[PDB]
Structures are given as structure tokens and as C-alpha cells.
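So the structure is just underneath, and the comments pick up after that.
When we count neighbours, we look across all protein chains shown, and the Cβ atoms used for this are built from the backbone with ideal geometry, even at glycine. No value in this document is a laboratory result; all are computed from the given coordinates.
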Amino acid sequence: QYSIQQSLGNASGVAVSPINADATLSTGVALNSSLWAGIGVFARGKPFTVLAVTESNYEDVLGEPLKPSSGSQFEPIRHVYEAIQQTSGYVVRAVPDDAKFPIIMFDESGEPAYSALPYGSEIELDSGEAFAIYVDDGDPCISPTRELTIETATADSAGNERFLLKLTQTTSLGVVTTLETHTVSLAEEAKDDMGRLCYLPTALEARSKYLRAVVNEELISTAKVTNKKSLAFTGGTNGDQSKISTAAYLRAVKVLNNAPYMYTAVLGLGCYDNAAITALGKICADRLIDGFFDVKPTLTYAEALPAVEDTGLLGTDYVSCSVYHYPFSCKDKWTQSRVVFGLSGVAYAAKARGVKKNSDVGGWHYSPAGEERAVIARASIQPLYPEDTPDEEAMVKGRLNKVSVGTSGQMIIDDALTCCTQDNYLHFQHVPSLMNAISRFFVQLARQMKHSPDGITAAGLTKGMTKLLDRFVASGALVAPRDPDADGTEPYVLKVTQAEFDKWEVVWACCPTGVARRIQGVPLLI
Amino acid sequence: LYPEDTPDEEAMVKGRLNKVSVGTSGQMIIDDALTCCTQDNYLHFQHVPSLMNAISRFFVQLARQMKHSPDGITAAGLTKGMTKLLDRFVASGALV
Amino acid sequence: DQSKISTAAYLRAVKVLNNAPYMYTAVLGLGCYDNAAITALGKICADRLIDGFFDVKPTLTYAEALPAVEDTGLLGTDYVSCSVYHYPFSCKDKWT
């Protein structure tokens, strides 16, 4: 046929305007997905990077669980295991300065040499070294050891010689498995069988998870690789992970702050550094993200209260943050021995269970402390301080959540409170979750409506906000106000004020539902 | 070609990419259809632009014939033709 | 050598295809991975109100697929009917 023009001119031809649709605009936000983020010390992982762990592949990413014999190192992995039973998450690994990774350098002839370098430092190539290969994963080549083999290959039209690199893993007993196989060429312009580019640094950065390579530009032209079998990486050791400086924790927190991925909750994976907890609370307040924190279980009942005040969270600046204390002990599943845990992740599990009760709205109504939401399933619990009882009123004043014995003999979280000094309905965790969800949805929807003529954007904002509020009311989030004489029966009241010519204000008022914490009954005779 | 690796569904939806999956009978299948539209204004779907383009093409072809006509007659012609086309589409189930 | 084709030849072929008396309903990218050619094909699709299908290079991995779509000049509201797909798997040729 022929082209169809648009916005016809002054005569003759006809035109069809582009399709116009604006009342159909909508914003797609899950509002039900819950994800957790945290930092910790793990046996295997890439230092100071955000790593995504799921229910299936978390063990491979984080490596083998740490032995309980070592001090203050088994907590993060087991907290991650407890918290990951519901949803996936993001972790940041912290490493001491003493740790290092191995590097294998190749000469012009092909004679290999071995060295070890710290994680932060960048490698340097001296004269006579064609290139170097190091491990990006950071797992030390102890116990299961990684070995590299080189084989020759055929050319491709242009005569660019290529070779096969094979990385294998060998256990202590002698079991050998093939991990990776790749075809790489020293020539800058090389092609694979399927047409993929064949350059060792580019190929490793594109389709490899373990190895990276750096090639000295001086010796790229004159370099030859011969047949070498079973090249083993030299000794790479991990420093004492029991002692971690505050600077490393701060750097890990800063790295976690700048993460493109979206996470719904922030968890303290066995971190007892006050500065790190304050930074995590600042991140939670900045991102309007719920946060859970744990006081050191080693402290007694009397010493628990000053510990909360020691952390810079007791104030009105951090509202969504919550704290817990758990001084009991249990038994590890992997190793049959006594262990002490921190009550972090169980609260996240309760929150996830409460969220999953609804599909579209999100189901953020339920507090993370209930008869069925929180159960704390563990092998066996032995109290560490018998013949001693806590003070409930002191804990309420200090904003601490305690534990009790359930009807079926299972330990249970009997209260949910946040780190808010005032009693202005904010110490409860039920309301900030709803408010944060509403604010996030409003920000996401308003970001799309930027730079619009007046009137159209008013209708769009009103329609979207009314739909969201109606959905929340239908889900049961909002209840009629407790004062019907002074306040209208409408659960929510929304108003839009243009005010300034370019600025524009929106106000919404909601009545959160009630939480049954104390029940009192009296008998009367008639 | 890349085992032990999984894609991110949400990232693909944000980037307007159509992925593939495994069907019930063991056959690979295209599980989504999206277009290169940044906004979510019902245009990222491929179902609507096809209908709109067909309607526009038919309207252009029919209006090309009715050029240079006295008023009234051309109004009746355009109204009758467009009503017939829209009734046909409604009967076919295009519009709800 | 047909392996290496300059962008000018692709642009000339696209321009020749634009001026075709015959009518076609869809535009397909037959294994063309030149960004300029894909943008020109999308422009033709938008101009003729013709549905278009395009394919990202299968050689890229899952992570690298997303930047490739943004590299092509199709992520916008100007091209609505255009669609893109990714398929990194392999098969066997019937002839060989």
C-alpha cells in the first residue's frame, strides 16, 4: 500500500492522528512481594558485593556452614537459613584484611608462577609475565581445591590460535569433578564456533563466575601457551573472622545502600556493632523500609534494657525499626551441639506469613507477633537463667519485645513494639507498614504523572488514589473513626490543593484498624 | 547453552522483553507478548495496536474514495461504512 | 565475503524496501543485528502502521540481553507496534 500521514496540512490528502489513550494509564506495583537484605560474615562469597540468595542456591553462594567451635561466626549463616525459609534475599559479605586470594601468572614461554594478594589491592604485572589469572569468587583453595588445565585447539580461518581452559574441583578424598570449560584466544579479534568473541578477559567477564584474567599489553603479540596439566592455585588463607573492625562494617553498609535491587525488609544478621545498627536504622528510615534488630543474647534480663538505649535507635527519628531479645539456647541442626541464637529472621518469617495471607493488596495488617504467625520451631530450649523473671512494665517502657510459653508448649512472641519513645500510636508495628506501603505506591504513581497539564493530572491522581484507598478499605485496612460525631463515617478522606502554580499538594487521612493486645472480662450476676 | 542460571522475570518485564518457558507437553513456548513501549498505558500489549492499525487502515482506504463530495451525502456514507465496520468488529468479539 | 556487510548496504536495502508497490502486513528482522537497520525498520513500521517483530542477538547471555534492547533505538513511545524477543538456545539444522 502507501504510507498514512499524520496531522494533515492545508489541502488534499487525508491523515490519521496517532492513537490517543490516557484514561487507561495504570501503575504496576506488586505491593505483596517481601524481600530481606543484610550483611554478615560468610565462608565463601565475593567481598563487598550484593549477592542474591534463593531457597535452592543459597548454600552454594554462601559456601559451607561455619563450625560452631569458632566464636561469633556461625550466627550469620544460621540467621540467613532461618530467614530464607520464606523468601529470597540479598547479602553483603564482610571480610577481614588478613584474607587474600591466589593468582597464577604465565610467562612468555608458558612457565607458571604462583602468588597471593589481598582482596582490595589491584594486581600488577612485571616484565616477562604475559598475563595473570585470579579467582573472582574469593573461596580459598583449601579443603576442596580448584585446579586449572590447559589444552590446545585448532585455528579458525584467520589462523588465530585458541586453547581450552578447564577448571576442576578435587575433594580431600580424591573425588574430581569438572566445573568449567572455556575456549579462549590471545588474539584480540577471535570468534567461537557459534560466533562468540574469544578474548580471555572479555570471555571471562562475560561467561564465567570463578576466574578473571588481566593481560599485559606489551606481550599480547608475542605470547604462546603450551600444554599444562593440573595447575593448582597456591595457598590462600582467610584471616580471623572473629574480630571485624567497625570500618569494614560501615563500608559494607554503604555498599548495601547503593543497590539497584529492591528489598522490603532489613535484617540484622548477628551484628552487634552499635554504629552498624545505627547506619542500618538510618537506611531503613531513608528508604521507608521496615527493619528488625536483635540485642546480644549474652546479656541478662537486667542488662538488656541499657543495651537498647546504648544503640542509637530510641527516638522519634526511627519509627519502623523494631528490636528483640532472646537469651535462650538450642541445638544446631547441622552439628549436634548447644548454641545460642539471636531472634532475628523469625520476626521476618512472621511478617512474611502475615503478608502472604492476601494476594493483591499485600496483607500488611497483622503484627509480626501472633498465635500462629510466630512459633519459633527449634529442637530443644534450655533456659540459661532459671529462677529469674523479667519485669514486663520495664520492658514496655524500654520498648522491648519479650517471649512467653504458648498453649501447646511452644515459645511464642507475645508482643510487637517499635523503637518509638512517644505513645502516639507509633510504637505499634502495624501502622508504619501500611503508611510506608501507601507512601511508596504514591511516589511510584506520581513519578509517572510528572510534567502534565493541569486538570488531566488532577483526574489521574484522584482516580489512582481513590482506587488504592478503596482496595485497602475492602481488604479491611481501614475502619470507621472512633469518633463519629467529630469525624465523618468515611474511613479515608483525600483532598487535592493546587496552591502554587507549579507546586501541588495532596493530603490523605486514614483510620488504622485496632490490635487486640489486652482482653478483660468481668462476671455479673442478675 | 547456560545451565545453572536463571533469568529475572521482573527485570525482563521492566525492560520489555518476551521470555520463553517449558510447556506442559515438554515443548518450549512463548509465555508473554509485550511491545517496546515504556509507559504502562495499555500500549505495551500487542493485542490493541493491531486492532487500532487495522481500523485506521480501513478508515483511510474508505475515506480516500469519498474525497471531493458534497456535504450530507459524504456524511451518510462515512457514518454507514464506519458503523458497519464497528458492528462487524463487535460481533467478532473485538470490543467489550 | 558475505560475513562482513557494511551499514551503508543495509541502509540502501531498507530504503529500497520502503518504496515497494506491493502491500505487506508484517515486517520481520531476518537475522539482522545492525542497530541502524533495526531503527530504520522500526521507523518504517511506525510510518506504515505495520506490525514489526525483531530479535536480539542470541549470543548474548541473560544479563547482557537487557542492555542490548536499550542499545537499539526502539525503547520509546514513538514505536508502539514493534516487539522484541530473545532466545539463547540451540537446535539442529534439518538440511545439515
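List the number of the failed condition for A:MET449; all other conditions in (1) more than 14 Å from every other protein chain (Cβ to nearest Cβ); (2) touching a residue at least 12 places away in the same chain (Cβ under 8 Å); (3) farther than 28 Å from A:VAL375 by Cβ; (4) not hydroxyl-bearing (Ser, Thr, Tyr) hold.
(1)
Filter the range C:43-84 for residues that are out of contact with any helix residue (DSSP H, G or I) (no Cβ under 7 Å at 6 or more places or on another chain), hydrophobic (A, V, I, L, M, F, W, C) and in a helix (DSSP H, G or I) and give the result.
Hits for the range C:43-84 are C:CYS45, C:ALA46, C:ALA63, C:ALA65, C:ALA68.
Which residue is surrounded by the fewest Cβ atoms within 10 Å (Cβ to Cβ), if the candidates are limited to the range A:260-282 and must be free of Cβ contacts under 8 Å to residues at least 40 places away in the same chain and small (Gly, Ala, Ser)?
Across the range A:260-282, the extreme among qualifying residues is A:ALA275.
Of everything in the range C:85-96, what is at the interface with chain B (Cβ under 7 Å from one of its Cβ atoms) and part of a loop (DSSP other than H, G, I, E, B)? Give them in sequence order.
Answer for the range C:85-96, where residues must be at the interface with chain B (Cβ under 7 Å from one of its Cβ atoms) and part of a loop (DSSP other than H, G, I, E, B): C:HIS86, C:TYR87, C:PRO88, C:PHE89, C:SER90.
Can you pull out the residues in the range A:375-399 that are in contact with a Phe, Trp or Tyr (Cβ under 8 Å, 6 or more places away or on another chain) and of a type in the set (A, V, I, L, M)?
Selection gives A:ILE381, A:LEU384.
Just a yes or no: is a residue in the range B:21-35 within 13 Å of chain A (Cβ to nearest Cβ) and out of contact with any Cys (no Cβ under 6 Å at 6 or more places or on another chain)?
yes
Would you call B:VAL13 away from chain A (no Cβ under 13 Å) and farther than 19 Å from A:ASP22 by Cα?
No; evaluated as a whole, the condition is false for this residue.
Restricting the range A:376-412 to residues that are buried (at least 16 other Cβ atoms within 10 Å of the Cβ) and among the basic types (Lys, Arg), which is farthest from A:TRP334 (Cα to Cα)?
Here the answer is A:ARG399.
Condition check ((1) surrounded by fewer than 18 Cβ atoms within 10 Å (Cβ to Cβ); (2) farther than 24 Å from C:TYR87 by Cβ; (3) in contact with a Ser or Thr (Cβ under 6 Å, 6 or more places away or on another chain); (4) of a type outside the set (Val, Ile, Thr)) across all residues:
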residue	(1), (2), (3), (4)
C:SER3	yes, no, no, yes
C:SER6	yes, yes, no, yes
C:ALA26	yes, no, no, yes
C:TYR33	yes, no, no, yes
C:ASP47	yes, yes, yes, yes
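Collect the residues in the range C:73-83 that are touching a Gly at 6+ places or on another chain (Cβ under 9 Å) and either crowded, with 20+ Cβ neighbours inside 10 Å or more than 7 Å from chain B (Cβ to nearest Cβ) (or both), keeping them in residue-number order.
Those that are touching a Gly at 6+ places or on another chain (Cβ under 9 Å) and either crowded, with 20+ Cβ neighbours inside 10 Å or more than 7 Å from chain B (Cβ to nearest Cβ) (or both): C:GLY73, C:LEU74, C:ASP78, C:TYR79, C:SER81, C:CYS82, C:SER83.
(1) more than 16 Å from the chain's Cα centre (by Cα); (2) buried (at least 17 other Cβ atoms within 10 Å of the Cβ); (3) more than 14 Å from chain B (Cβ to nearest Cβ): which one isn't true of A:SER127, the others all being true?
Against the list (1) more than 16 Å from the chain's Cα centre (by Cα); (2) buried (at least 17 other Cβ atoms within 10 Å of the Cβ); (3) more than 14 Å from chain B (Cβ to nearest Cβ), A:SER127 comes up short only on (2).
Would you be able to tell me the number of residues in the range C:51-86 that are more than 14 Å from the chain's Cα centre (by Cα) and farther than 17 Å from B:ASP8 by Cβ?
Adding up the residues that qualify gives 5.
Go through the range C:48-72 and give me each residue that's in contact (Cβ under 8 Å) with a residue 12 or more places away in the chain and more than 10 Å from chain B (Cβ to nearest Cβ).
C:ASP55, C:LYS57, C:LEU60, C:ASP71
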